[PDB]
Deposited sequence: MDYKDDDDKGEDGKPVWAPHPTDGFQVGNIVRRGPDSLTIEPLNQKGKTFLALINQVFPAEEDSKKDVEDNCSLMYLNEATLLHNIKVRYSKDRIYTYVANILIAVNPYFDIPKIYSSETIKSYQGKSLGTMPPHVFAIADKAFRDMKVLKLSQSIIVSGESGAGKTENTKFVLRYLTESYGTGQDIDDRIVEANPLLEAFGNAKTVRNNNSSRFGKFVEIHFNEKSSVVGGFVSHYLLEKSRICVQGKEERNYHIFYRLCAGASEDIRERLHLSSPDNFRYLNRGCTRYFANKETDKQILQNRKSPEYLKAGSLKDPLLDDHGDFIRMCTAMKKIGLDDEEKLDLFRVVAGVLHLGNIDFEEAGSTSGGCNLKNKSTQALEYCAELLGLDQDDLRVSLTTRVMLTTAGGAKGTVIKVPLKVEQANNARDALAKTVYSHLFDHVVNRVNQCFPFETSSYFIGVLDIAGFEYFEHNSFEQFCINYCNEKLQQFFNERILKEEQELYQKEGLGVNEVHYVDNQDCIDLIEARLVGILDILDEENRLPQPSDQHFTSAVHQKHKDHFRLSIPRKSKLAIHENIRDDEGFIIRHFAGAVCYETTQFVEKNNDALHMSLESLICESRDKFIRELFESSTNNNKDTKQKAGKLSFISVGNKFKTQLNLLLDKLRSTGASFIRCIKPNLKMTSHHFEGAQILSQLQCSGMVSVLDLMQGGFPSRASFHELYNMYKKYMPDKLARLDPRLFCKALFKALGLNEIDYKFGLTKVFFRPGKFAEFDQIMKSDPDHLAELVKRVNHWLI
């Protein structure tokens, strides 16, 4: 206690500066800085030593005098207040969302300054991680992945774009497709991003973007993989959220000529938009450029939505310019808009119960126009559309549908059409930068981040499961495999105990008894029930740590068979299971599929082709496991994005919110491991072998281990900076620049170091 300031708990800041006045047996007595007398108690566990200079920060948290969760937090906070959003933990990068545009840190000049630079020789930056992946790709001859993680709104998508800009601008061609990988983005975001209450630009699908390289290590092309577009959003949103951006970009920015041809109007006029928020993102100027006939009553009364990045009218323009830069012609552009508008009109079709015997329903007379616009835009016969929406084929006979069923059919058609449109968009983007062969790639992974709301459904379940898989890859690669390597090599590093989540994964995906398999079972039963599925889950996993029955409120609560709590690595989430069975089924009824494949329009037909049950859950599992196989085969780098607060505002560091993210991400565990661990390593026989042919007949040439030691000394290392295992030599944090020199294989460099080594062994 003698006699310095310490860190101790604080409910909103995470930690606070205090002094140890009295020392009890199980607890200490703390006086908060500048409050003498208004003390409080804290368990000895909960109190940590502080850095002596509180206004100074370090670039790598491994450089702190005391490595702990409170000093890590403070160091991040101080850098944040100076608008420095990036900090290292050894070779892992931490990125806190600034929520404003920090001048010049992403400029061309900044890009240039990071090229070829070793980690630790420039300030922490996403560009440095990207450059590191490129350098390792060449030197190790090994494909690379950059994994960007974080909860919704933390900055994964922005940082993914920074990485892609850096690599194509630095190692591209300066010709055409260098820009194309970058310029594709606004196109994918227009179709796949939407306003949620957590992020005005939320990604509603995951992606892995690969940049492929030739053997001379120049960019030859790209490939974008995409995962599970959120479907429900297409037809209904909550009052503060929107549908995908493209719908508002079109309504706001389309020319009068296009608006008329697509028969568009203000967003309040469409069921598929009008339960959600119908306001545009716009500012004082861009609002002048949006015509009055585009503005809903909500918009005229409350004004525009504000975001420092999004602008519906401006983004429509940028999106069209992007389409042209990547080689989409005006014809293809209008084809896309036609399908979008065609989906809008489809949602405006309503039904009414029919008078006849064994009757279903008819289109309401006031729906006649929507039916007309819809059929024209999709190349369909009105009568065919009418029959496909109001009847069902089933043995040969046609069955009338009730109004609800017709509602469901209308929406199923809309979801499949929009979803196939999205697939078409991704594939068209891939055709923008194709390639025939490549040597290696650098891939950047950007998933939909961890999220939860008042009510969570199948959509959140799939998203959070994807996040759980990603954290497990992080756990496996960084915390598990690392410590096992230290042990197999004989290093004697103190085991670091960490929170593993394989059990959460097993709960979801295990054969027969995993949640996904039990759900599939229910789809295949004679009379499928959300309640039966939910009971079976609880039954099969009574007392599992990661599953729980909802708790019941006395202030509406959720019954045993109406939901469950999953304890995800990022916190517990309560899912309502209604509609889990229906949402788990991806098959489209024959009558609807056939309607579409017979469109007059080639473009429409080609979206589909050049009890049927299909599992959404299991298809997604299969895709993620293929992704996982690919990541395992690469060198992986990690960027942990952090959301500073819940209001999307700059300069509001919420200490406790941020601490919790540092804790569940495993970054606190990594910092602990780096106290005694080694982020770099190389086989010493391999080092020796690479130098051998430049070595004269001297002591150095006879003994590989002694040669490596002399090499290390000649590049400035001492005994404390490295350690020999059984087959590899390991290097401490802070020595990345020296490690790169050790690994370098340029013949002139080797010959030079040989000359120095022989002086060290004379």
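Enquirer: Which deposited-sequence positions, grouped into ranges, are missing C-alpha coordinates?
Expert: Missing from the model are residues 1 to 10, 406 to 414, 575 to 577, 633 to 646.
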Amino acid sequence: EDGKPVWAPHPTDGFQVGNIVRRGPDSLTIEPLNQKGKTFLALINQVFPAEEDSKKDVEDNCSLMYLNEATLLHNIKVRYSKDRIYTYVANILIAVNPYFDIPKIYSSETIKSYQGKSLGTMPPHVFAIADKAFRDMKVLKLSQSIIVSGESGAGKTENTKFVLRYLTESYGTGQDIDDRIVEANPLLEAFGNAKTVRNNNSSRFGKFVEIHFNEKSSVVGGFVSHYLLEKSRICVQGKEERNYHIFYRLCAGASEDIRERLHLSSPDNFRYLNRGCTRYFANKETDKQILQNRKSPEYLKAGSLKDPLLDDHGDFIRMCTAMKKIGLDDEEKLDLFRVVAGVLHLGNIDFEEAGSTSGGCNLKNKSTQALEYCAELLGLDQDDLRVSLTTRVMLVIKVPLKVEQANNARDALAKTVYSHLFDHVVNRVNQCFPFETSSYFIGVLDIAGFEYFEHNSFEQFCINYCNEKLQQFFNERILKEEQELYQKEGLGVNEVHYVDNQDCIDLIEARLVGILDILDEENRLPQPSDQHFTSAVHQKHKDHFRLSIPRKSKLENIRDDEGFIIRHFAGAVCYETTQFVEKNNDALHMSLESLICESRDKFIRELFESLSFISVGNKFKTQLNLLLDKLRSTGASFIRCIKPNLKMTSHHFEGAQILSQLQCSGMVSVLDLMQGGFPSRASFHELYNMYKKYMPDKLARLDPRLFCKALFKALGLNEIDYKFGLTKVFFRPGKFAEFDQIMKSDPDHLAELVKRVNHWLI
From here on, numbers count along this sequence of modelled residues.
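Enquirer: Higher average CA B factor in the deposited record is what I'm after, so tell me if that's 199 to 207 or 166 to 174.
Expert: Comparing 199 to 207 with 166 to 174, the higher mean C-alpha B-factor belongs to 166 to 174.
Enquirer: For the C-alpha atoms alone, is the average B factor greater in 564 to 572 or in 326 to 334, going by the entry?
Expert: Averaged over C-alpha atoms, the B-factors run higher in 326 to 334.
Enquirer: Of 158, 521, 151, 131, which one's C-alpha B factor is largest in the deposited record?
Expert: Of the options given, 521 has the highest CA B-factor in the PDB entry.
Enquirer: Check the PDB entry and point out which of 179, 411, 451, 481 has the largest C-alpha temperature factor.
Expert: Comparing C-alpha B-factors across 179, 411, 451, 481, the maximum falls on 179.
Enquirer: Compared with the other modelled residues in the chain, in which third is the CA B-factor of residue 56?
Expert: Highest third.
Enquirer: Hey, what third does residue 360 fall into on Cα B-factor, ranked over its chain?
Expert: Highest third.
Enquirer: Please say which third, lowest, middle or highest, residue 17 falls into when its CA temperature factor is compared across its chain.
Expert: Answer is highest: the recorded C-alpha B-factor places it there.
Enquirer: Lowest, middle or highest third: which one holds residue 403 when the chain's residues are ordered by CA B-factor from the entry?
Expert: Top third by C-alpha B-factor.
Enquirer: Using the temperature factors of the C-alpha atoms in this entry, rank residue 742 within its chain: lowest, middle or highest third.
Expert: Lowest third - that is where residue 742 ends up once the chain's C-alpha B-factors are sorted.
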